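Peer 1: In order, the protein sequences belong to chains C and G.
Here the first sequence is numbered in our numbering, starting from 1 and rising by one per residue.
Here the second sequence is numbered in our numbering, starting from 1001 and rising by one per residue.
Yeah, the Cβ is synthetic: ideal placement off N, Cα and C, and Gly gets one too.
One structure coming up, written as structure tokens, with questions to follow.
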Amino acid sequence: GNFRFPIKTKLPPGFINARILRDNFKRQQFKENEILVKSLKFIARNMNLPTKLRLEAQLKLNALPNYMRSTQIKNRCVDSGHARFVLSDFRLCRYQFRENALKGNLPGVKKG
Amino acid sequence: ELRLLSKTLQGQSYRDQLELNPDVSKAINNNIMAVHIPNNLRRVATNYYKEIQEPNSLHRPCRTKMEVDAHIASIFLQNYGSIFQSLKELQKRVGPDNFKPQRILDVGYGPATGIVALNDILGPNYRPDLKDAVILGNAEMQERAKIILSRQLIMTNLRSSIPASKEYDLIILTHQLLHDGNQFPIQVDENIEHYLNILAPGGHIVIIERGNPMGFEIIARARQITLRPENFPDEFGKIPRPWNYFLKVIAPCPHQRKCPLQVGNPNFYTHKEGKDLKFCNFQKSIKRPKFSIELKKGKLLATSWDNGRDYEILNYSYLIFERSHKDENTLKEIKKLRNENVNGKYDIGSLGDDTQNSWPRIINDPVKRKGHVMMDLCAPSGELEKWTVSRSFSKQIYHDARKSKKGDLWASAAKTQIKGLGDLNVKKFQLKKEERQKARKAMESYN
RNA sequence: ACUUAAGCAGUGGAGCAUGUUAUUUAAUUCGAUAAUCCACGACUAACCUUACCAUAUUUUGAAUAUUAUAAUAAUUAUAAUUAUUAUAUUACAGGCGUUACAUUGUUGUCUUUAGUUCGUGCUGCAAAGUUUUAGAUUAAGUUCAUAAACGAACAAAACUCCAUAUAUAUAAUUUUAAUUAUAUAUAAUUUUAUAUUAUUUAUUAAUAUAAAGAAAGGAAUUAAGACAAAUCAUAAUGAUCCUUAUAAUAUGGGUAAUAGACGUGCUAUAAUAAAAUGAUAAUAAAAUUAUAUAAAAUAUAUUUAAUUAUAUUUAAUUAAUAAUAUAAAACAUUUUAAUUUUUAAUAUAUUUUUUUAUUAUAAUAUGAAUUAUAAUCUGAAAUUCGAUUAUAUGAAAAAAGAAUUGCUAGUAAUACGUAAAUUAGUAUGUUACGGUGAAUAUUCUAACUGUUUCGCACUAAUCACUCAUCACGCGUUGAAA
Ligand code: SF4
Ligand SMILES: [Mg+2]
Ligand SMILES: [Mg+2]
Ligand SMILES: [Mg+2]
Ligand SMILES: [Mg+2]
Ligand SMILES: [Mg+2]
Ligand SMILES: [Mg+2]
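Right under this line is the structure:
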């Protein structure tokens, strides 16, 4: 069990903790399986199609693992890994945002 | 399928929240305050509170009648809670069978308070021979004390001073071992020497104090003077100790060596170097009766002097001794057990006798993390220990540890057992001439 | 002088939502505990998040380095070295383990910030002091003045920045809002003149009256002490503990349990107030749209249409362009239980949408919790446990009070709406935005702070210091049958 996840995935270049690794792995596998998930969902949600095809597509959707689910991706702070108060404009939690903003790291951002 | 051990249940201290008897509380709310407008009762209660905020202050006898009413309104609840918990501890640690005392003395500043607590504890069928109750502060406290005791079922004898021709087998002292902020080391000695003379063989003395560093220091000194730990070095375990007279610590201490937390002078807690000091107190929760809830209202008692609860957390320090019996058997038994019983150096991690009398004492809230529980114990080795219980070591013991609380006795072994650092800031508790000479020498050296 | 007190405007006994606590639980992840009170973070907990529980599973794991192997490319003269990638190797990695794990730091709160040092000068033998001064004035260090003191540096102020008013520039006035946008500059910390009051006598101040002005608000910006804080999620370092498990992954469960108690919010308890309707569309601002946004139309609920909610289809716009989005209160008409204060039949009238006469004629048409049925939405998934719609259901809530919130202000209040963050989805929370737009006056009390008077045997500075007691010895001297 060399790698904690089923599929080898490159590490993100910056701060790391177990939760960042879990989120990054789910993001990579969501990217890899997005077209499959959308195709299966389309087959399941097309009422022109026979009911057996739709049921088969829904079954294959329920059979997919958790790391392909879009709803399981959570925006974390890229600097601290925290998952609360993350501003999507910088991918930082509010404290890291304030720290970086006062250091001049965030382009254009000023004290109000 | 996994449940608490009978041993662990035996080690646990009384866990349920406290509540006054409904009859007692109804009587108090109906009589002792319904004739009083709330504002002035609050004023006097605020006066009393402000003069006990001072660090390492002491309780004070009720001078006036309105102070009697205020004390019953505000200070009676936590005094009752402390005595109830101490008496439950005593009853459990001697077994409910051996705890059937007949000669009862209660001394405190409030109404007969250990007496009403004892009444609640031993039920409505307990009718012993003598139920003396000395009330100090004022004569009028005795009348409302009768009011309280009527609603429990009188044979409680309300006095103003100790009868001086009889021994007792259950004595309760509440805030009685000290009266001065100064004078502190020796008044404890005098006061305990007073009440030990009237402790019958086989009797119990239950001392209760404030639960602040000064209170802990009072209990620590009272423990030291009775025990003389320095006079019996290398003597582990609990054997009755001389003071034809002998007495042993029941609770909360699981040994009779030097208390690990004692720093002699309370003032060290006030400094900026003894702010990390720790003291031995214990906590309980007690439901607020209506009269308490209706008292602490407004800018006097509800604001910050610079959500509410339905209960109060009371802090208290306490101590319990038993006096031995008198017999040729018991005397020679104590001599032989002191002579030829090398119980052995109780090392760190030991449980002592592995009975109630030597089980460690949990004295801090344990830290419970996934798969491991860290306890700060006053161990039967005389020392201050830190024990970690893990799931991988044992599922059952970890299950029991995950429910332990401060004030319990921990009856089981643990994997990691190390020296606790709660005593770190304890051991660390002409230059003018050097400055003068150095000044002159350097001044003549510049040249 | 924070605080109190007064006055004004509210809110406040119920239901629900959301927290905390208690109890419960496999778990209900974490948070307080020296006696007034107080365990209380959420810019989104279905899975994820997650920290917790159950059961399985992983074992150098996410790192760096060493040593081997197995390939793969480059170079030597065919083996070799050089690197890259895998596998193993062990130092280890890893830790939402410990604050009863200590340091700094940082953060919060509070006190003080016209004051602290330095340099000269001057006084005293000197330690020291630097003297008017315990100055005047203001709501305020605000504005001034003064002295054997005078400066400097910092601090404060000025300054600066918003906003407001104006000038120039720019825009081929179809990216239109030129009533705009955003660059630069100007302006004020307003000024003048009388009269009355006081005055340290005017060249002062206040009030009033005139005159010129658009001129009326706000923010930031330094240190020094004290205490608190380990969701210190404001870090780092160190110590200590776990290393087949206190690290790691998956499935499901929990954080949503319900006796209580309390905080906060939302909806209410009807007539100075609720409802409905108002299409050449009364009247906004500020935001958002490439991890979107959704127009108009059509279809169904559904009833001519409209309204409302979904579905179908995605027009335009990645934006001063198009969309979210015709703002809503306001205002007008109509209606409204309690209420025989009404409706209806007949007459009646110069009140006709109406009048008159005679006849009959404590919970509602308030409130919207709870529950049932059927749909819908997002999502792979809505069981624990989400949101919406329709048809039903239709609870508590009426009187008085503790208690508390905020207080000249474009503030409070508002059955006024609007937007954004955090989302795939859910706001009664938070932060923004504009519309309408008040009332009241402050006797009182005051911790605490700053000056001061006086005393001082204290100087590590009252938790100070001296004095005296009690014991233990070792001396010295005196009287002595
Ligand atoms: S239990 Fe232990 S710490 Fe507490 S007073 Fe006794 S000896 Fe001291
Ligand atoms: Mg999400
Ligand atoms: Mg979950
Ligand atoms: Mg899970
Ligand atoms: Mg480490
Ligand atoms: Mg962990
Ligand atoms: Mg209705």
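CA-CA distance, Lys1415 of chain G and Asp1376 of chain G?
Peer 2: Approximately 14 Å, taken between the alpha carbons.
Peer 1: Hey, quick one: how far does the alpha helix (DSSP H) through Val1044 of chain G stretch, first residue to last?
Peer 2: Start and end: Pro1038 to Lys1050.
Peer 1: So what does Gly1108 of chain G bridge to, in DSSP terms?
Peer 2: Answer is G:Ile1135.
Peer 1: Suppose you measure from the CA of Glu1193 of chain G to the CA of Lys1065 of chain G; what does that come to, to the nearest Å?
Peer 2: Computed Cα separation, rounded: 31 Å.
Peer 1: So, is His1271 of chain G buried or exposed, given that buried needs 16 or more other C-beta atoms within 10 angstroms?
Peer 2: Under this definition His1271 of chain G is an exposed residue.
Peer 1: From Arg1127 of chain G to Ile1115 of chain G, what does the alpha carbon distance come to, in whole angstroms?
Peer 2: Looking at the two C-alpha atoms, the distance is approximately 12 Å.
Peer 1: What residues match up with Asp1376 of chain G in a beta bridge as DSSP calls it?
Peer 2: Answer is G:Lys1386, bridged to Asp1376 of chain G.
Peer 1: To the nearest angstrom, how far is it from the Cα of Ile1397 of chain G to the Cα of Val1389 of chain G?
Peer 2: Between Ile1397 of chain G and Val1389 of chain G, the C-alpha separation is close to 7 Å.
Peer 1: Report the three-state DSSP secondary structure of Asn1157 of chain G (helix, strand or coil).
Peer 2: Here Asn1157 of chain G sits in strand by DSSP.
Peer 1: Report the rounded CA-to-CA distance for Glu1140 of chain G versus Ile1032 of chain G, giving the unit in angstroms.
Peer 2: About 12 Å.
Peer 1: If you reduce the DSSP assignment to three classes, tell me which class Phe1184 of chain G lands in.
Peer 2: Looking at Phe1184 of chain G - three-state DSSP - the assignment turns out to be helix.
Peer 1: By Cβ distance below 7 Å, which residues in the same chain neighbour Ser1358 of chain G in space, the five residues on each side in sequence not counted?
Peer 2: Excluding sequence neighbours, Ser1358 of chain G sits near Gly1237, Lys1238, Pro1254, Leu1351, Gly1352 and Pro1380.
Peer 1: Are the segment 1047-1067 of chain G and the segment 1209-1225 of chain G in contact at 8 Å, needing three or more beta carbon pairs?
Peer 2: The segment 1047-1067 of chain G is in contact with the segment 1209-1225 of chain G.
Peer 1: So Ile1286 of chain G and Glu1089 of chain G are in contact, right, with Cβ under 8 Å, and what is the actual spacing, rounded?
Peer 2: No, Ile1286 of chain G and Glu1089 of chain G are not in contact; Cβ-Cβ is about 16 Å, not under 8 Å.
Peer 1: Can you round the beta-carbon distance between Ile1135 of chain G and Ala1112 of chain G to whole angstroms, since I take them to be within the 8 Å contact cut?
Peer 2: Confirmed, about 7 Å.
Peer 1: So, are the CB atoms of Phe1279 of chain G and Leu1300 of chain G less than 8 Å apart?
Peer 2: No, Cβ-Cβ distance for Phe1279 of chain G and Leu1300 of chain G is not below 8 Å.
Peer 1: Are the segment 1074-1085 of chain G and the segment 1181-1201 of chain G in contact at 8 Å, needing three or more beta carbon pairs?
Peer 2: Contact between the segment 1074-1085 of chain G and the segment 1181-1201 of chain G is absent, because fewer than three Cβ pairs lie under 8 Å.
Peer 1: List the DSSP bridge partners of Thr1416 of chain G.
Peer 2: Answer by DSSP bridge pairing, in chain order: G:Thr1388.
Peer 1: For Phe1393 of chain G, which residues in the same chain have their Cβ closer than 6 Å to its Cβ, ignoring the five residues on either side in sequence?
Peer 2: These residues qualify, in order along the chain: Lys1415.
Peer 1: According to DSSP, is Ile1115 of chain G helix, strand or coil?
Peer 2: The answer is helix: DSSP assigns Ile1115 of chain G an H, G or I state.
Peer 1: Considering only heavy atoms of ligand 1, does any lie closer than 7 Å to the CB of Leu1261 of chain G?
Peer 2: Checking every heavy atom of ligand 1 against the Cβ of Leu1261 of chain G, one is found closer than 7 Å.
Peer 1: Do you know offhand how far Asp89 of chain C's Cα is from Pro13 of chain C's?
Peer 2: Looking at the two C-alpha atoms, the distance is approximately 19 Å.
Peer 1: Would you tell me roughly how many angstroms separate the C-alpha atoms of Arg1440 of chain G and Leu1431 of chain G, rounded to the nearest one?
Peer 2: Approximately 14 Å between the Cα atoms of the pair.
Peer 1: Buried or exposed for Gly1108 of chain G, please, with buried defined as at least 16 other CB atoms from any protein chain shown within 10 angstroms of its CB.
Peer 2: So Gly1108 of chain G ends up on the buried side.
Peer 1: CB of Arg1361 of chain G to nearest heavy atom of ligand 1: below 7 Å?
Peer 2: At least one heavy atom of ligand 1 is nearer than 7 Å to the Cβ of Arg1361 of chain G, so yes.
Peer 1: Is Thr71 of chain C near ligand 2 - that is, is its Cβ less than 7 Å away from at least one heavy atom of it?
Peer 2: Yes, since a heavy atom of ligand 2 falls inside the 7 Å radius drawn around the Cβ of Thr71 of chain C.
Peer 1: Between the segment 1303-1322 of chain G and the segment 1233-1252 of chain G, are three or more C-beta pairs nearer than 8 Å?
Peer 2: The answer is yes - the segment 1233-1252 of chain G touches the segment 1303-1322 of chain G, with three or more Cβ pairs under 8 Å.
Peer 1: Whose C-beta lies closer than 7 Å to the C-beta of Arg1042 of chain G among residues of the same chain, with five residues either side of it excluded?
Peer 2: Excluding positions up to five away in sequence, the list reads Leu1295, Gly1298, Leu1300 and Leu1301.
Peer 1: Within 10 angstroms of the Cβ of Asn1231 of chain G, are there 16 or more other Cβ atoms? Answer buried if so, exposed if not.
Peer 2: So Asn1231 of chain G counts as exposed.
Peer 1: Can you name, in chain order, every residue of its own chain whose Cβ lies under 7 Å from the Cβ of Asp1408 of chain G, other than the five neighbours on each side?
Peer 2: Closer than 7 Å at Cβ, skipping near neighbours: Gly1011, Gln1012, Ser1013 and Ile1362.
Peer 1: Indicate whether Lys1326 of chain G and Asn1244 of chain G have their beta-carbon atoms separated by less than 8 Å.
Peer 2: Yes, Cβ-Cβ distance for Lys1326 of chain G and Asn1244 of chain G is below 8 Å.
Peer 1: Three-state secondary structure (DSSP) at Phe1429 of chain G?
Peer 2: In this structure, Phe1429 of chain G counts as coil in the three-state DSSP scheme.
Peer 1: Rounded to a whole number of angstroms, what is the C-alpha to C-alpha distance between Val1068 of chain G and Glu1167 of chain G?
Peer 2: Approximately 29 Å between the Cα atoms of the pair.
Peer 1: Within 10 Å of its beta-carbon, does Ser1160 of chain G have 16 or more other beta-carbons around it, so buried, or fewer, so exposed?
Peer 2: Under this definition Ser1160 of chain G is an exposed residue.
Peer 1: State the Cα-Cα distance for the pair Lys1427 of chain G and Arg1223 of chain G, rounded to the nearest angstrom.
Peer 2: The straight-line gap from Cα to Cα measures roughly 20 Å.
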